[PDB]
Amino acid sequence: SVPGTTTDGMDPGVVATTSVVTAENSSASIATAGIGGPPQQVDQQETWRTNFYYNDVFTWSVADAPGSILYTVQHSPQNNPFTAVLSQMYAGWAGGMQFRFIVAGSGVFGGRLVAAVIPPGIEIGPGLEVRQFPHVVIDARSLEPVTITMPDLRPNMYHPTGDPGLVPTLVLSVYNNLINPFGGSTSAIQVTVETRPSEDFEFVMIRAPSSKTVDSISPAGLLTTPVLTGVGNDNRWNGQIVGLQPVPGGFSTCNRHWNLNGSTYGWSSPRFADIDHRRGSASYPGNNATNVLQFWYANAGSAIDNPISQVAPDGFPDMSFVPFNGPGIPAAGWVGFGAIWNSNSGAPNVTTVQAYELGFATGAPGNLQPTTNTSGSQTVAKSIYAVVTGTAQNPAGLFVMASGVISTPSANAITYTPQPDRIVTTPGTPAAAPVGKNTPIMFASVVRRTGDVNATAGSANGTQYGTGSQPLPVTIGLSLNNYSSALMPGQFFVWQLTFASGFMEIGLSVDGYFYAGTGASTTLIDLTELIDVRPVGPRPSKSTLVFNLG
Amino acid sequence: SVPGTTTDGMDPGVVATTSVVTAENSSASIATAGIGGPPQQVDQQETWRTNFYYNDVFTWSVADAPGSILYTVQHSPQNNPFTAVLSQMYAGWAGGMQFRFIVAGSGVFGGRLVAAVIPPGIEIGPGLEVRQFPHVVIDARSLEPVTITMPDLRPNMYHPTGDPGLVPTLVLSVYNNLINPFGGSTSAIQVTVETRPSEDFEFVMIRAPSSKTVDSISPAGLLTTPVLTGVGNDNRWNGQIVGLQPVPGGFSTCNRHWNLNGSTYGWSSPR
Amino acid sequence: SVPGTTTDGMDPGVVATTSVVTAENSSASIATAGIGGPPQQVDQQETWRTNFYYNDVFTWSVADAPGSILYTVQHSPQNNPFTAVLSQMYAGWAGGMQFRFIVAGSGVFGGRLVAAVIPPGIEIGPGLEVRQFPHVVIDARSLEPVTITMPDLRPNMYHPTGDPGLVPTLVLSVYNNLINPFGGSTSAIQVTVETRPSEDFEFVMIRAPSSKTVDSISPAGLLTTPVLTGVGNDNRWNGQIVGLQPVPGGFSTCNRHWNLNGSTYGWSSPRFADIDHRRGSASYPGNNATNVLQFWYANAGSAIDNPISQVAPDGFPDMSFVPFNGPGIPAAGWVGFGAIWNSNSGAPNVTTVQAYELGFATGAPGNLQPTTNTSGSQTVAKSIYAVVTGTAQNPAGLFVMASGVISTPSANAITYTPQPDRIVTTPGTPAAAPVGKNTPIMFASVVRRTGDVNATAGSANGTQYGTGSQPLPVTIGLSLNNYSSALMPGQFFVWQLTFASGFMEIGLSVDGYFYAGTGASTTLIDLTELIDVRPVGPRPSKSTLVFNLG
């Protein structure tokens, strides 16, 4: 006898068929994937083919209404961890994949789940009625696993590895409300999804692995475990990422931000080199030239140095200029050490070296006001400390070092200084907006300031944070590879961030912005107990990313 | 007609073989380990090798997330009591070892465990994912015991007792969260691990009692009963230890402090 | 009929046996790799198993003496491009591999090659007599391919994927001098090596690919094509790598340099953050405090801030201090913008902001002399331009920004400024020395200066170069992973850099230094027409790396 309480790795449990799984589909799938040649990696006795391996886990609570979606997977060789390795030596794939669900509940629970394979060409999200497709209904009291097969319903004769085309989507939604007849704090059970290729899965043509690599067919390898723990910086301050900042209002970052199409709207390369502009006018107030505040300005659009955009010099911060006058230190400003140099010889001036506040403004000879649009604006520098003399040369130049620190009027730290009310954006960049319970996030790094240059993380004076839209390895890999055929609009590419106590998901839209499903919470995420990052793949944007840190 | 509520000492229960237990692994283990001469203590009627005996017990809480480690042991003679007695009497070993798990829960509980055998070269830590190995899943409502045999996967021809080298590792983690539908104070059950050598386990060379090398006898002898309620002094002062106090936040002492690997970072020899 | 002039991909040509290939070795290899379980990926009709795929090409000239080694490969699943993909899902391997040699010569050429499989435990290099092993002799006039099989002569019962153990080595040396009876400029032919697994090759256990990944078993993925073209920086100046600098005398870099054991001797993390030191004495000369040169110094060894070494603060340059006085700009110095800050509050001073030269010196109150050893020395800063007033506080602090520029006394550029005569090294770091015709190389990046801040690559004023020991992605990946069981001492890990016109090899020693076989040439390599980088694996250090750029 074999009890139902212990299940083998190769045991499928009960096999739950659906009208979408037909012999005609299987025979047509084999017969027309044969245009790739003989099927490859089809040995039935291989260990990667015979066992089920983990794909996901999800929670089913009593508050989950009938029709609400709990699980959604897209047909891919990236669901299985071993067909994802084998796809790096083959140029195509076809066939189906089995999905084994193990429900972890007792015999006292009620409520049921429903499972349908959704054909390609149908939008996946809320309002998709899973119970009016051909479906299967699973109890909460299932002891044995329930494996359903996802066939290859494809309009192409095989899926190329780079662009697969249209694929089905397996949806597990709530059929009936899960009930606990006991009543109390214990109202949730868990369902584990595992996966294994079907008997008619195959790869079709071989190809050299030095062709389109793992970094060009999916953005799974961009956001790996050392990137988010201690190695990757951000794309604004070049500082070690120590957290995530949820932005419930939404923001819009243009500079050093790459979308999933391999394009940018900014004026900066994916690197932190210096800001060097030629022929911008420099000036200094009054008639006396001792301890004066050096000023520099140049119209946006006349920076003919960058092969990416003519708006601003490379590495210029996309922050509005905060106005200040006299010997008063401004609040929340990008300042960076630099100098004024004569354009005719390239020689920097001896005495005009200071920490210059860099930003975007509107009227440089008159009243200095901040701005966000680059149109009709100008890139404006002005030193925050005293400079002896000052170059009043009109064709003069400005050279400012790459990384920047925070201007703070006192020793005490302030909030994260690129707030969305002052981030400079060209006309045309799309904005990150909260979709469902998923709010956009930034990537906080500890950035020191001009009030305490000894201030580190956890300083008793107060810790200072600067935020970026993307990690630098993420936007470095996004500029080098194109992932248009990896995510439709209205979809996220989700990773899982396992922590020491909890676990929580982030997702990347086609715009390039990252999202965590935290709702309206503004509390910074610690990112210190982060142990593991793994990808799970394309998911709907209107499906809440999980977030529990307790 | 045993009802399943009472299990014999020799009864394994349901045998769950993942993908590592193969016949020709056993054949390539038995034939190869003849480099230690004739195999010793191989009599499959002796009671020390036919019965399951206690090794460890562990607690499965409702707060243990999926993927959390509950019970991991490297392949060793030390996972069995009588094999640990005989391992000081011999200088090499080979073969597998069965692990019988008995879950102490009623039929009202829910949640699953996952057990895999990890191959010898793999590093075991935070990044190891155990459900993406060939595994077996065990329910919290298991009445009969479940036996998972870890075979002897090895690149060496046998395992020296002082330097076994690369061994496989049985890893038992949480597959699904443990659920009590009542809630309340009861939030943890217990699993007892019994152990018994496999059909192909053996020793080879004899050697003098108490004489091996690396993997020095685990430091169970440096901390005994009197240390706390008798002799035994401190590092800064020479007084009896009257209590322990927990510091929230941590500390750092590097004067008379020696680490697992014998080394000090500082002055002041321990006297 | 099948002519010998056209050969199939699956055609082995003639099969050249050796006494090292025996039936007892094959049967023992199968019978004892069976302890891993059933053999995996052993389907004989698979396309990756049946075809030969490219491994290497090498040149055989008339100047190559009898006994000189032309080709050397180590037994590995990294020789084949498809067993290298399959090794990411398996925990072990065993069995042999075939090597197919196609000699490209006419029937007018003379001379012969010899081929032996060398057993493990034997040193590979010059003076290894291949003609006194069991061997096979191949003409220069061979029309059909010659395939010889490399058996698995192993003392382990299988090779684990991470550490394989002792493996054989296939050596192709010269048997007889290649002769052209014609005489002239055409004195070289080419031999192509291809590879295919043997019938008894296998993988033994499956494992999850999220285990020890491709970046931990071999350093092949560290030096990839975007790293050396336009993305990677260097570990000294954080600038885009535009070339390689051959150093025929040898050098020794300690700071921000990681070896293959995952260890460093430097005082810097693999990142370019700022230099922040507490309690170093600051001073300024004379009694007047206008336009004075600010000075700062602190003894090396009293920087209690770094969790890696107490020698110097994190990010401090390993360059000797070049002395200067008065209003004279020094030559070839690390200068970086910074300030002096009061240690009791962390507040930077308003007026002491300048471009400070940073270096290592010996006597700070007396005569400032340069130094290379860190022992008995001190980290010394001194501004290169005028600073109003100056903090004379003994417990004061220094904060200098991360990246540095060159100090140049005129507008004109100079040689690459971290010359090996001034690179600061702790006592204990090993030095890069020329082995054979292979000389160590650095990684030149265009670093701008204080004489022309508009100076870029190819400037009519003159281009300025700063060199580092390693690329930043290479030393970032070397700190995260340990490759002790990837290269024995006396070996290089070679990559191939294919250019538009030529192709040339670099190799990485266990010390962490890179080598190119260029002899005594000091000419900088252009690295602009670099199109492809691929790895080839462990090779002897006393075997000249190829170099032809024409």
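Reading the values: the criteria
We count residues from 1 along each chain, following the written sequence rather than the entry's numbering, and we skip any residue without coordinates. To label them, take the chains in the order written and letter them from A, then take the ligands in the order written and number them from 1. What you see is one piece of a larger assembly, and the values refer to that piece, not the whole. Computation of side-chain values covers all heavy atoms of the structure but excludes hydrogens and water. Residues with missing side-chain atoms are left out of burial classes, side-chain pairs and their counts. Starting at the N terminus, helices and strands are each numbered in turn, a helix being any DSSP run of H or I of at least four residues and a strand any DSSP run of E of at least two. Each residue is assigned to one of three classes by its accessible area relative to the maximum for its type, calculated with a 1.4 Å probe on protein chains only: buried under 20%, partly exposed between the two thresholds, exposed over 50%. Every residue pair with non-hydrogen atoms within 4.5 Å of one another is taken to be in contact. Using a 1.4 Å probe, the Shrake-Rupley method yields the accessible areas, and only the shown protein chains count as cover for residues. In summary, the charge assignment counts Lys and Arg as positive and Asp and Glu as negative, without counting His or the chain termini. One atom stands in for each charge, and that atom is NZ of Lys, CZ of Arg, CG of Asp or CD of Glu. The term buried area denotes the loss of accessible surface (1.4 Å probe radius) that occurs when two parts are joined, taken as the sum for both partners. Criterion for a salt bridge: a side-chain nitrogen of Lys or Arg within 4 Å of a carboxyl oxygen of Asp or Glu. Pairs of N or O atoms within 3.5 Å make up the polar contacts considered here, provided that, within protein, one atom can donate a hydrogen while the other can accept it, and that residues adjacent in sequence are counted only when both atoms are side-chain atoms. Residue type decides the class: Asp, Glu, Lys and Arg count as charged, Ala, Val, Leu, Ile, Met, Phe, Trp, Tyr, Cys and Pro as nonpolar, and the leftover types, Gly among them, as polar. Copy-to-copy alignment rests on a least-squares fit of C-alpha positions. At least two bridges found by DSSP between two strands are what make those strands a pair. Here, axes are lines fitted to C-alpha atoms. For helices the fit covers the stretch in contact, and angles between N-to-C directions go from 0 to 180 degrees. Residues enter a nonpolar core if they are buried and are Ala, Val, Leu, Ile, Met, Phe, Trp, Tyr or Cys, with the set joined through side-chain atoms within 4.5 Å. Patches here are clusters of residues that have more than 30% relative accessible area and form no salt bridge, with a 9 Å joining cutoff for like charges and a 5 Å cutoff for nonpolar side chains (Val, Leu, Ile, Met, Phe, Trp, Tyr).

Engineer: Is there a simple way to explain the overall build of chain A in this structure?
Structural biologist: For chain A, the count of helices and strands is six helices and 29 strands. Its C-alpha atoms give chain A principal-axis dimensions of roughly 95 × 60 × 35 Å. Counting every position in chain A, which comprises 550 residues, the buried fraction comes to 59%. Once local pairs closer than 6 in sequence are excluded, the contacts in chain A between residues at least 24 apart make up 79%. If you sum the accessible surface of chain A, you get close to 18900 Å²; carbon and sulfur atoms cover 54% of it. Of the side chains in chain A, 22 bear a positive and 32 a negative charge, and the two mean positions are spaced by 7 Å.

Engineer: Can you walk me through the overall build of chain B in this structure?
Structural biologist: Each helix and strand in chain B was counted, giving three helices and 11 strands. When the helices and strands of chain B are read in sequence order from the N terminus, they spell out β-α-α-β-β-α-β-β-β-β-β-β-β-β. Here the C-alpha coordinates of chain B stretch approximately 65 × 60 × 35 Å along the principal axes. Considering only contacts within chain B whose residues lie at least 6 apart along the sequence, 79% involve residues at least 24 apart.

Engineer: Hey, could you run me through the interface of chain B and chain C in this one?
Structural biologist: Buried accessible area, meaning the area lost when the parts come together, often serves as the stated size of an interface. Listed as interface residues are 24 residues of chain B and, on the opposing side, 20 residues of chain C. When chain B packs against chain C, the two sides together hide about 1600 Å² of surface, and 63% of this comes from carbon and sulfur. Counting every contact that joins chain B to chain C gives zero salt bridges. On the surface where chain B and chain C come into contact, there are four residue pairs in polar contact. Of the residues contributing to the side of chain B that touches chain C, the split by class is 11 nonpolar, eight polar and five charged.

Engineer: Explain the relation of the copies chain A and chain C to me, please; I cannot follow it from the model alone.
Structural biologist: Note: a rotation about an axis with an accompanying shift along it relates these two copies of the chain. Once chain A has been moved 0.0 Å along the axis and rotated by 180°, it coincides with chain C to within an RMSD of 0.0 Å. With respect to symmetry, the two chain copies, as superposed, fit the operation of a two-fold axis. Most of the interface of chain A is mirrored in chain C, where 100% of its interface residues are also at the interface.

Engineer: Honestly, the sheet that holds strand β6 (residues 110-118) of chain C in this entry has me stumped. Any pointers?
Structural biologist: Sheet strands pair by backbone hydrogen bonding; their relative direction is either parallel or antiparallel. Residues and elements named next belong to chain C. In space, the four strands of this open sheet follow the order β3-β10-β6-β7, with antiparallel pairing throughout. The open sheet has two edge strands with one neighbour each: β3 (69-74) and β7 (135-139). Neighbour to neighbour, the strand axes of the sheet diverge by 20° on average, direction disregarded. In this structure, β6 lies alongside strand β10 (residues 169-179), joined through eight bridges in antiparallel fashion. Residue pairing for β10: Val117 is matched across the bridge by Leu170.

Engineer: Just checking my understanding: could you explain the nonpolar core for this structure?
Structural biologist: Across soluble globular proteins, nonpolar side chains have a tendency to be buried as a group. Core analysis: the biggest nonpolar cluster contains 82 residues, and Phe99, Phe101 and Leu170 of chain A together with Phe99, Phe101 and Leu170 of chain C have the highest contact counts within it. The residues touching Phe99 of chain A, leaving out its near neighbours within four places in the chain, are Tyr71, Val73, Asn79, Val146, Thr147, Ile148, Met150, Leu170, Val193, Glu194 and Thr195 of chain A. If you look at the next biggest cluster of nonpolar residues, it comprises 44 residues, including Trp60 and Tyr71 of chain B together with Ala33 and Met205 of chain C.

Engineer: What is the right way to read the sheet that holds strand β7 (residues 110-118) of chain A from this model?
Structural biologist: All names here are of chain A. Here four strands make up an open sheet; going across it, the order is β4-β11-β7-β8 and the pairing antiparallel. The two strands at the open ends of the sheet, each matched to only one other strand, are β4 (69-74) and β8 (135-139). Direction aside, the axes of adjacent strands within the sheet are offset by 20° on average. Judged from the five bridges that link them, β4 and strand β11 (residues 169-179) form a sheet pairing that is antiparallel. Across the sheet, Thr72 pairs through a bridge with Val171, a residue of β11.

Engineer: Would you explain a nonpolar patch on the surface in this entry?
Structural biologist: Residue and element names in this part refer to chain B. A contiguous nonpolar patch, built from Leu222, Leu223 and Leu228 and spanning about 330 Å² of accessible area, is present on the exposed surface. Inspection of the secondary structure puts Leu223 in the segment after β11 (202-203). In this structure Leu223 comes out as partly exposed when scored by relative accessible area, which is 47%.

Engineer: Whenever I open this one, the pairing of strand β23 (residues 439-446) of chain A confuses me. Can you help?
Structural biologist: Each regular strand displays side chains that alternate between the two surfaces of the sheet. All names here are of chain A. Of all eight residues that make up β23, seven are buried, and the element is covered over most of its length. Looking at chain direction, strand β14 (residues 241-246) and β23 are connected through five bridges and run antiparallel. Residue pairing in the sheet places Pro246 in a bridge with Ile441 of β23. Pairing geometry for β23 and strand β27 (residues 514-516), over three bridges, is antiparallel. Bridge pairing in β27 links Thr439 to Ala516.

Engineer: Where do I start with the pairing of β6 of chain C in this structure?
Structural biologist: All names here are of chain C. Of all nine residues in β6, eight are buried; the element is thus mostly enclosed. Of the strand pairs in this sheet, β6 and β7 are connected by five bridges, and their pairing is antiparallel. By the bridge assignment for β7, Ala115 is matched with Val136.

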